[PDB]
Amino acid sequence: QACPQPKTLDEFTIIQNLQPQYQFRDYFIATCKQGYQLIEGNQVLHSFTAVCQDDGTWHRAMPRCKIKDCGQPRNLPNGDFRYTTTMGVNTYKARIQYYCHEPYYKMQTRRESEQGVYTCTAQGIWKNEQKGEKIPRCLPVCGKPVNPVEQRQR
């Protein structure tokens, strides 16, 4: 009453504790490597279990593992971002740098200026090593006119 050996459809799929033999009532779990998520059809899954049924057939067809996508970075009121990485690619390990509209706005600080670096992490969301998921804050700069009546020069 045995089931076929489990079938990996890509390099990013991991089978936890693979067995030599698989029998009725036994099971296996599929996970992915750091950065990738389980897919079945065009749908994301949180987990995957396949039970070996009494006829010898797995109750479920092996999924795939594909690269996570943190989505479009959130908008930064009075700032913007630029990619340090391939333009418009929001997948695992992608990197952006937020900046404010200077000299009119200035980024809020403290650590210090490897400043608004956000990378698309294993957990599938944009994070900065210090501030985490929360985005930066652009604050009004005071007293620095661009066309002042007097100003210092060298």
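In this text, residue numbers run from 1 along the sequence as written.
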### Deposited-sequence gap flanked by residue 110 and residue 111
1 to 3
### Task
May I ask you to compare 45-53 and 111-119 by their mean CA B factor in the entry and name the higher one?
111-119
#### Entry: Comparing 124-132 with 97-105, the one whose average Cα B-factor in the PDB entry is higher
124-132
### Summary
Among 142, 146, 139, 14, highest Cα B-factor in the entry goes to 14
### Query
Ranked by Cα temperature factor within the chain, is residue 62 in the lowest third, the middle third or the highest third?
middle
### Summary
residue 29: C-alpha B-factor third of its chain, per the entry, is the lowest
### Query
Considering only modelled residues of the same chain, in which third does the CA B-factor of residue 77 rank: lowest, middle or highest?
lowest
